[PDB]
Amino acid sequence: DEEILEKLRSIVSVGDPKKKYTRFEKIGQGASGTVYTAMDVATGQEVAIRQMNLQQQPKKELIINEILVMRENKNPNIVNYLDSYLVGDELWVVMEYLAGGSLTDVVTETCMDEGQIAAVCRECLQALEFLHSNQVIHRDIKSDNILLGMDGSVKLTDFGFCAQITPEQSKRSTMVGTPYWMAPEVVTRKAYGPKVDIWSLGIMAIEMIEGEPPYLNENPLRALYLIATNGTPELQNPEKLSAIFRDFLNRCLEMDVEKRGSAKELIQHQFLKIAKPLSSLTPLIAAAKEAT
């Protein structure tokens, strides 16, 4: 851990961020550290700062991996990592603040139309194609990790579970996902590849249609058995959906990994071309924020 802390020291900016940020507002406090909203004293930019007590953190190497991945994989559809600091045992990670809450807020509080869903799926797919082409699998894709700007900007967060693969080693085994969003091969096979993120996107699309992933009310172990054996989840009112959307869903939620679309393939899908401007999400985001 002397080694790990020293590695962290080389990554972070020097000194105390306490001078550099003002008006901290706690917006989270659980497990992964404390998250605050705050203002960059210099720029006026509003930021989100996660604070972690390192001696409490079980697996520090994952946090190191998270920061390195964020630093070197900047993208308009990924929440911007701005800076980090280490003050004794206290690690600070500073992110851009997304004032629009999360996709979960939206899908639980409002009712998205197909044009709005196509826009969100597109932005998510842009992040995934980029990540997968840089040999990064996110592994925990879910509506909670999709953060929104008031302008309808869609951005991926939470790189604590990501895998850095190779063209040589395309496959991973570690169990890191969230059960309801997990692709079947995660539990039915010894290993899995980047297309687990595509399946998770499929389940998010279902969240946007129906308000929840399949099996949400089941215990996660029961759910996992259902995912593993039932395969392609069933829809409540399939006939209410456009043919193009249904096709898109089917490509994401193929049981046969080889048959499931890759990010690069799905980017070309015609469902995405019905996308409304991202700005159309603003009213839902505003309503969700209020209700929330």
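Just count from 1 along the sequence shown to find any residue number.
- In this entry, 166 to 174 has the higher mean Cα B-factor, the comparison being between 166 to 174 and 149 to 157.
- Relative to its counterpart among 122 to 130 and 182 to 190, 182 to 190 has the higher mean temperature factor, C-alpha atoms as listed in the PDB entry.
- Highest CA B-factor among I49, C252, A31, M70, as stated in the entry: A31.
- Of the residues listed, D197, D89, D83, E207, the entry assigns the biggest Cα temperature factor to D89.
- Annotation for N77: CA B-factor lies in the lowest third of the chain's modelled residues.
- Annotation for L266: CA B-factor lies in the middle third of the chain's modelled residues.
- Ranked by C-alpha B-factor against the other modelled residues of its chain, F248 falls in the lowest third.
- Residue-level temperature factors show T22 in the highest third of its chain, judged at the C-alpha atom.
- In this PDB entry, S143 carries a Cα temperature factor that places it within the lowest third of its chain's modelled residues.
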